[PDB]
Amino acid sequence: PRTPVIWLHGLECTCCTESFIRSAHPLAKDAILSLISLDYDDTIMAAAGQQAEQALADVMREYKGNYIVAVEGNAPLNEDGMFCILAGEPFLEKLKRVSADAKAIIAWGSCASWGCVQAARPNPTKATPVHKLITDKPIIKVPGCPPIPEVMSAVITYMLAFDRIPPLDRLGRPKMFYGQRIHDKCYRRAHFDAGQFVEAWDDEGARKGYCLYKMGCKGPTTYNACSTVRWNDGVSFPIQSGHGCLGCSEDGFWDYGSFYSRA
Amino acid sequence: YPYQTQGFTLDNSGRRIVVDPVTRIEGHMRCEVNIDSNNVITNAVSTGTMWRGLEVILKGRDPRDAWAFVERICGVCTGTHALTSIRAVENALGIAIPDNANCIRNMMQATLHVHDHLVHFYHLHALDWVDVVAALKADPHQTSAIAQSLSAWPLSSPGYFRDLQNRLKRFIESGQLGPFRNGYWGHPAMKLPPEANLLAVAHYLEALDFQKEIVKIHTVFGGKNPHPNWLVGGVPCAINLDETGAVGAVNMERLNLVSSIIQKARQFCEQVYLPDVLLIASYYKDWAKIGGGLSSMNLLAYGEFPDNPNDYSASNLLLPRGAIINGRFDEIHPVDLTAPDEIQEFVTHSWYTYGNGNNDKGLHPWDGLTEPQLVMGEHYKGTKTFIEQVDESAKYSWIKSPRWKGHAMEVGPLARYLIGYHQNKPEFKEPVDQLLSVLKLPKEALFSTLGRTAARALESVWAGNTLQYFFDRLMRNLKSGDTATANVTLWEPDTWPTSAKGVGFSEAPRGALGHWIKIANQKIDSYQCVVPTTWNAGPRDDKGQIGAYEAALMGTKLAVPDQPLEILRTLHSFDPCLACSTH
Ligand code: NFU
Ligand code: SF4
Ligand code: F3S
Ligand SMILES: [Cl-]
Ligand SMILES: [Cl-]
Ligand SMILES: [Mg+2]
Numbered sequence: 005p006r007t008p009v010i011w012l013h014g015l016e017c018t019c020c021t022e023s024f025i026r027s028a029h030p031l032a033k034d035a036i037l038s039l040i041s042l043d044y045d046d047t048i049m050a051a052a053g054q055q056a057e058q059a060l061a062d063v064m065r066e067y068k069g070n071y072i073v074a075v076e077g078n079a080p081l082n083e084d085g086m087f088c089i090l091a092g093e094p095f096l097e098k099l100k101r102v103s104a105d106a107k108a109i110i111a112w113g114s115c116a117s118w119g120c121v122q123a124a125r126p127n128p129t130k131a132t133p134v135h136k137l138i139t140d141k142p143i144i145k146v147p148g149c150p151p152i153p154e155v156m157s158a159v160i161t162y163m164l165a166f167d168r169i170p171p172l173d174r175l176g177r178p179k180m181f182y183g184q185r186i187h188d189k190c191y192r193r194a195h196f197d198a199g200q201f202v203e204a205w206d207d208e209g210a211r212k213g214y215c216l217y218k219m220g221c222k223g224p225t226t227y228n229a230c231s232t233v234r235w236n237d238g239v240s241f242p243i244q245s246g247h248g249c250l251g252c253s254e255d256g257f258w259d260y261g262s263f264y265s266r267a
Numbered sequence: 003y004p005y006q007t008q009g010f011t012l013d014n015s016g017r018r019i020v021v022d023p024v025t026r027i028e029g030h031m032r033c034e035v036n037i038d039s040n041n042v043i044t045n046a047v048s049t050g051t052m053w054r055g056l057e058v059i060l061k062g063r064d065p066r067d068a069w070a071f072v073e074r075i076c077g078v079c080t081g082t083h084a085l086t087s088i089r090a091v092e093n094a095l096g097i098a099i100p101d102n103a104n105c106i107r108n109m110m111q112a113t114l115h116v117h118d119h120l121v122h123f124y125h126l127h128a129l130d131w132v133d134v135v136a137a138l139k140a141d142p143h144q145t146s147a148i149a150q151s152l153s154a155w156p157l158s159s160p161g162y163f164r165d166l167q168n169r170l171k172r173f174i175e176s177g178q179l180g181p182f183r184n185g186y187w188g189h190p191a192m193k194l195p196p197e198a199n200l201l202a203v204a205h206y207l208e209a210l211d212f213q214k215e216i217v218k219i220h221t222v223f224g225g226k227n228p229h230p231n232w233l234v235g236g237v238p239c240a241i242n243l244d245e246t247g248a249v250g251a252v253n254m255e256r257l258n259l260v261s262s263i264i265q266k267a268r269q270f271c272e273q274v275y276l277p278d279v280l281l282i283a284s285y286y287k288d289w290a291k292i293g294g295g296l297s298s299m300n301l302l303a304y305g306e307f308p309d310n311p312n313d314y315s316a317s318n319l320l321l322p323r324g325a326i327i328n329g330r331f332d333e334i335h336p337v338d339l340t341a342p343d344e345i346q347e348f349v350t351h352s353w354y355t356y357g358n359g360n361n362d363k364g365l366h367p368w369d370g371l372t373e374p375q376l377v378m379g380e381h382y383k384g385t386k387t388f389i390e391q392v393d394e395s396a397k398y399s400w401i402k403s404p405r406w407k408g409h410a411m412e413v414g415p416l417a418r419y420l421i422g423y424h425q426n427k428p429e430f431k432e433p434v435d436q437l438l439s440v441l442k443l444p445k446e447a448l449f450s451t452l453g454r455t456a457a458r459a460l461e462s463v464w465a466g467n468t469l470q471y472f473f474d475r476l477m478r479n480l481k482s483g484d485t486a487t488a489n490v491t492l493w494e495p496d497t498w499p500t501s502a503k504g505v506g507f508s509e510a511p512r513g514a515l516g517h518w519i520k521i522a523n524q525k526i527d528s529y530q531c532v533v534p535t536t537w538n539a540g541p542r543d544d545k546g547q548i549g550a551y552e553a554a555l556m557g558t559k560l561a562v563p564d565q566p567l568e569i570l571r572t573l574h575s576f577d578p579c580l581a582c583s584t585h
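Heads up: the sequence lines are chains F and E, in that order.
Counted the way the authors' numbering counts, the first sequence spans residues 5 to 267.
Counted the way the authors' numbering counts, the second sequence spans residues 3 to 585.
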């Protein structure tokens, strides 16, 4: 039998689902067919409407207390939760109902983990992350907007293989990947340390790979694996491709001041 | 009020089917339809079930930061929002980006178009037309033979099909169908043999593996996919081919990788995707007469892919710009985003307000206002925590209703593809014509859910070529010694006008996208988005006039009402993205 996984979408831009499929080892194909049972997932599932709700009920009733809930997106509280409406019901109820019977909860992305963009000032929809709403179940926060494709996949393959929740930090992030600052394993660091900076775009500095700190890189305040595991089959990562870290895996990075300021 | 608007006639009596959640789309929708005694849709209703409010969140932020926020409107339609944002800012401040930047941007947008369309066909739309279990019935040796007489794609061995079939069988027989759980298998509207079924399913899986590559072009220039990075004034991926620190820059090795990916993507769309549409189309040839809606009458597009930098004139936009009215394709009206009486969005039947008694009045986006007001009307069914049935006579969606000189439009691939067709550009005409010839259908077949789906495939190939074309132009730039990636003369905010209006526009995968920004004291004052799926999924308006989605469901016969596979086809053909629609 395969570990069932119920993947919920709340308020979101669907971007961690898109990230997940970019996985190269294992292929999302191979995860879906062989590692897990991706039993409910708005984005890709064949079934709709009543047929879709039925399919969920089926798997909860059936695999009760043993299934994992993956949550991408968060839940709006204002207007009684009706800023996000699944099957005529606020997303908040659907979340509570599904996660009451779950073995553990993965919070994909910054939305589910912290709030992300909907929750940036002045947060009109009162968007609120999973762990502030579900508090009687273990939550693994795997943040970033989105998380790194091969991080997402390695977290799941780890949990299946070792049948364990990985070591979390104070914020509930798997230490394995969110344990160290981008800046503490950044390749451009040599330059930071020797005062070699990009001062403005396409200057001699930029064209030479200099440190982006002065151009507002937030790598030194920001935990993720981008500098190491890197993105999309380790092809690149934001900094390597010329732009400072936004700090997108950390709480409140949207309201941490401007992206192009030193903070 | 049994009333009639645009060709169609609408009746709010008869049975009422509900589809919520609408799956195999981005984000959250709810469709409701009425059927007559005969199982034909007499009424259709399009309710957006979410909202986040970026239009509000951006007030008082740095216009240079804007693209990064609006980027997070949507991770499926990724980067098309950022690209528009920077265009809008640049537009307002008067910034000219260098040629290589215009090239790279266009490459990244083309990469989106290719990737999005491909992921959409297989992983969102295909399971409306493909019976997965039926595929288990198939003969591998014929399946191969079919797939080989369909195309030169090399992954076709009978062994490969047998093995995938046996894998699929074990999956289904496991009793853990995952995505295939309670799917519409055996539905009478499913209409292709088990060989074409197994074939599609294989390609579905191949696509799922391959799509992951296409986006590396974003990775090289943008840093990551989804949500790559952009820059006001050009691009961050500074270029250095041959001098000392080239390892810290876009160099010859990176450009080689990018080149390598482009070729693979066009090969996949040319040999796998487009053909499988032609095969699949041929079995559903009668779906050429279902789901036209507005397509036969009213189309809109803003154009895309400027060839030369900083010229957003139609003359220089490789993708068609224009506006059709009432089936008058002889008269392709030009589009003007500055014009205030032109491009507008009403909230009349949407959960926002414009102030008292101005609810019937419509607003150009520079004046536009995103203030939410959730209230259901008289014939509403449910509570505050619950919806049994929505009241469409009042307010019924989180989506604003956009109109062009007061006409409801359809946007998207089909729209451009029709405008470009009647603009007589053979880069669109011919491939559309050859598609019709192979399927043995006429011009008018385009005006349908099938045509709309064909239009998308045709574009993935086109977009693929455009991608190569802008890579080819980047390369002739560098051969001629132009390596510039960013204008920095107005990168400092103390250099800006004290206040300035601006329009950014783009032609995103799903259709015509615009951003209407106002800068004031170095900060954002307005920021208003009119996104493609807003046009299409938009509710009704002051006039009572329906939108592209509702219109296209209208003629449809529901073979089985309990299981609305027929509705999903039509809806999915518009490539709905509701995050995108509501922002
Ligand atoms: N194409 C596309 Fe997106 Ni999720 C839409 N609608 C764009 O802006
Ligand atoms: S680019 Fe960012 S993470 Fe890298 S050395 Fe500079 S400040 Fe640190
Ligand atoms: S934007 Fe996110 S991907 Fe890494 S460099 Fe910053 S944490
Ligand atoms: Cl297996
Ligand atoms: Cl592979
Ligand atoms: Mg809007």
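In this text, a Cβ means the ideal position worked out from N, Cα and C, and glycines have one as well.
{"Query": "What residue does the beta strand (DSSP E) around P308 of chain E start on, and which one ends it?", "Result": "302 to 308"}
{"Query": "I'd like to know whether the C-beta of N36 of chain E is nearer than 7 Å to at least one C-beta of chain F.", "Result": "no"}
{"Query": "Can you tell which of E:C79, E:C239, E:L233, E:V203 has its C-alpha closest to the C-alpha of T21 of chain F?", "Result": "E:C79"}
{"Query": "In chain order, what residues of the same chain lie with their CB nearer than 7 Å to the CB of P30 of chain F, ignoring the 5 residues before and after it?", "Result": "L39, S157, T161"}
{"Query": "Would you tell me roughly how many angstroms separate the C-alpha atoms of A91 of chain F and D22 of chain E, rounded to the nearest one?", "Result": "5 Å"}
{"Query": "Taking any Cβ of chain F, which residues in the segment 398 to 421 of chain E have a Cβ under 7 Å from it, in chain order?", "Result": "none"}
{"Query": "Residues of chain F with CB closer than 7 Å to the CB of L207 of chain E, please, in chain order.", "Result": "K33"}
{"Query": "Using three-state DSSP, classify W353 of chain E as helix, strand or coil.", "Result": "coil"}
{"Query": "Does any CB atom of chain F fall closer than 7 Å to the CB of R512 of chain E?", "Result": "no"}
{"Query": "Beta carbon of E16 of chain F, beta carbon of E83 of chain F: below 7 Å?", "Result": "no"}
{"Query": "Write down every uninterrupted run of the alpha helix (DSSP H) in the segment 59 to 139 of chain F whose length is 4 residues or greater and which is fully enclosed by it, in chain order.", "Result": "95 to 104, 113 to 117"}
{"Query": "Would you say the beta carbon of residue 1 of chain E comes nearer than 6 Å to a heavy atom of ligand 1?", "Result": "What is shown of chain E runs 3 to 585, which leaves residue 1 of chain E out entirely."}
{"Query": "Give the residues of chain F in contact with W53 of chain E, contact being defined as C-beta atoms less than 7 Å apart.", "Result": "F87, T129"}
{"Query": "State the CB to CB distance for the pair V434 of chain E and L460 of chain E, rounded to an integer number of angstroms; the pair is presumed to be in contact (CB under 8 Å).", "Result": "6 Å"}
{"Query": "Any heavy atom of ligand 2 closer than 6 Å to the beta-carbon of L216 of chain F?", "Result": "yes"}
{"Query": "Tell me which same chain residues have a C-beta within less than 7 Å of the C-beta of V413 of chain E, skipping the five on either side of it?", "Result": "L302, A303, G513, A514, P534, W537, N538"}
{"Query": "What are the residues that DSSP puts in a beta bridge with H115 of chain E?", "Result": "Answer is none; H115 of chain E lacks a bridge partner."}
{"Query": "Strictly under 7 Å for the Cβ-Cβ distance: is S117 of chain F near chain E by that measure?", "Result": "no"}
{"Query": "Assign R418 of chain E to one of two classes, buried (16 or more other C-beta atoms within 10 Å of its C-beta) or exposed (fewer than that).", "Result": "buried"}
{"Query": "Return yes when the C-beta of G247 of chain E is under 6 Å from any heavy atom of ligand 2, and no when it is not.", "Result": "no"}
{"Query": "Pull up the DSSP beta-bridge partners for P8 of chain F, would you.", "Result": "F:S41"}
{"Query": "For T387 of chain E, return the contacting residues in chain F, with the cut-off set at a CB-CB distance below 9 Å.", "Result": "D84, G85, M86, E93, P94, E97"}
{"Query": "From E:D484, E:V392, E:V237, E:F212, pick the residue whose C-alpha is nearest to that of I99 of chain E; which is it?", "Result": "E:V237"}
{"Query": "If you compare alpha carbons, which of F:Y227, F:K212, F:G199, F:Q244 is closest to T221 of chain E?", "Result": "F:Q244"}
{"Query": "Would you mind listing the alpha helix (DSSP H) stretches within the segment 61 to 96 of chain E that are 4+ residues and don't spill past its ends, in chain order?", "Result": "68 to 73, 82 to 95"}
{"Query": "State the beta-bridge partners of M31 of chain E as determined by DSSP.", "Result": "E:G50"}
{"Query": "In the structure shown, what three-state DSSP assignment does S39 of chain E receive?", "Result": "coil"}
{"Query": "Could you check what DSSP says for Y529 of chain E in three-state terms: helix, strand or coil?", "Result": "strand"}
{"Query": "My assumption, with CB atoms under 8 Å, is that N361 of chain E sits in contact with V349 of chain E. Please give the rounded CB distance.", "Result": "7 Å"}
{"Query": "What runs of the beta strand (DSSP E), each 3 residues or longer, lie entirely inside the segment 314 to 395 of chain E?", "Result": "319 to 325, 345 to 348, 389 to 391"}
{"Query": "May I ask you to check if the CB of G148 of chain F is nearer than 6 Å to at least one heavy atom of ligand 3?", "Result": "yes"}
{"Query": "Who does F201 of chain F pair with in a DSSP beta bridge?", "Result": "F:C215"}
{"Query": "Compare the C-alpha of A61 of chain F against each of F:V102, F:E93, F:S23, F:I89 and name the closest.", "Result": "F:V102"}
{"Query": "For the structure I just gave you, are there three or more beta carbon pairs, one from the segment 204 to 221 of chain E and one from the segment 114 to 131 of chain E, closer than 8 Å?", "Result": "yes"}
{"Query": "Is any heavy atom of ligand 1 found at a distance shorter than 6 Å from the C-beta of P367 of chain E?", "Result": "no"}
{"Query": "For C249 of chain F, which residues of its own chain have a beta-carbon under 7 Å away from its beta-carbon, when the five flanking residues on both sides are left out?", "Result": "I186, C221, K222, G223, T226, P242, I243"}
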